[PDB]
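Below you will find one chain, with nothing else, as structure tokens; this is the form deposited without ligand 2PG, and questions on how it binds or moves follow later.
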């Protein structure tokens, strides 16, 4: 299964900053049949970003409507390949597990690929981690039609605490067993589970080495040149 590294630029960038940053990304020699690399710019930067990045990179948008909203139909029509669903920022705009299920159903009926985010809070980590994550995942997992095309992301919302690569691997493990339980062992073995906590050039190798971590959804470190080194950890 293909490792997958994603740049979530969140609400950042200017037309010049994107030219320079996409240029440095372009400089990276990687094989896209080996490794998926996905850039998620702000909506109004999408066409600019998609033009500038080479075809070896995929692109997506950071949210999609279950119905100011970008509909899945509109994304389909523009050849926009990926959408992010359920990012904790969106949940903390009050997005619920039901909204996440319903966005995924909308995206999948339109031939979109989805990067779906979940994970447990500090308080829930009352030893409620597998419970919280089993509920979050069961809320949408039955919708998955092709297990190459839905990418899960564990976001350790649990603050002044840091997650170790061991603690990440343990939650990945249990997500892939939730999937195995709920959908089958071959499905679980197919699905990419990315780490979506704090990822930088210094801890990325320790995480990608982990048996159940297949890449990353990267926030602030993906606004820098050196994001190419996070990609290189996955090469």
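Positions refer to the first chain, counted from 1.
Not on display, but discussed next: the form deposited with ligand 2PG bound.
Visitor: Counting only non-hydrogen atoms and a 4.5 angstroms cut-off, does residue 196 reach ligand 2PG in the bound PDB entry?
Guide: Taking the distances in the bound PDB entry, the answer for residue 196 is yes, it comes within 4.5 Å of ligand 2PG.
Visitor: Given that ligand 2PG is not shown alongside this chain, does residue 103 nevertheless sit within 4.5 Å of it in the bound PDB entry, heavy atom to heavy atom?
Guide: Residue 103: no contact with ligand 2PG in the bound PDB entry.
Visitor: Classify residue 24 as contacting or not contacting ligand 2PG in the bound PDB entry by the rule of any non-hydrogen atom within 4.5 angstroms, answering yes or no.
Guide: Residue 24: no contact with ligand 2PG in the bound PDB entry.
Visitor: Applying a 4.5 Å heavy atom distance criterion, does residue 218 contact ligand 2PG in the bound PDB entry?
Guide: Yes, contact at 4.5 Å.
Visitor: Just one of 181 to 189, 196 to 204, 30 to 38, 163 to 171 has heavy atoms within 4.5 Å of ligand 2PG in the bound PDB entry; which?
Guide: Single hit among the candidates: 196 to 204.
Visitor: Considering only 74 to 111, what residues come within 4.5 Å of ligand 2PG in the bound PDB entry, judged by heavy atoms?
Guide: 87, 88, 89, in sequence order.
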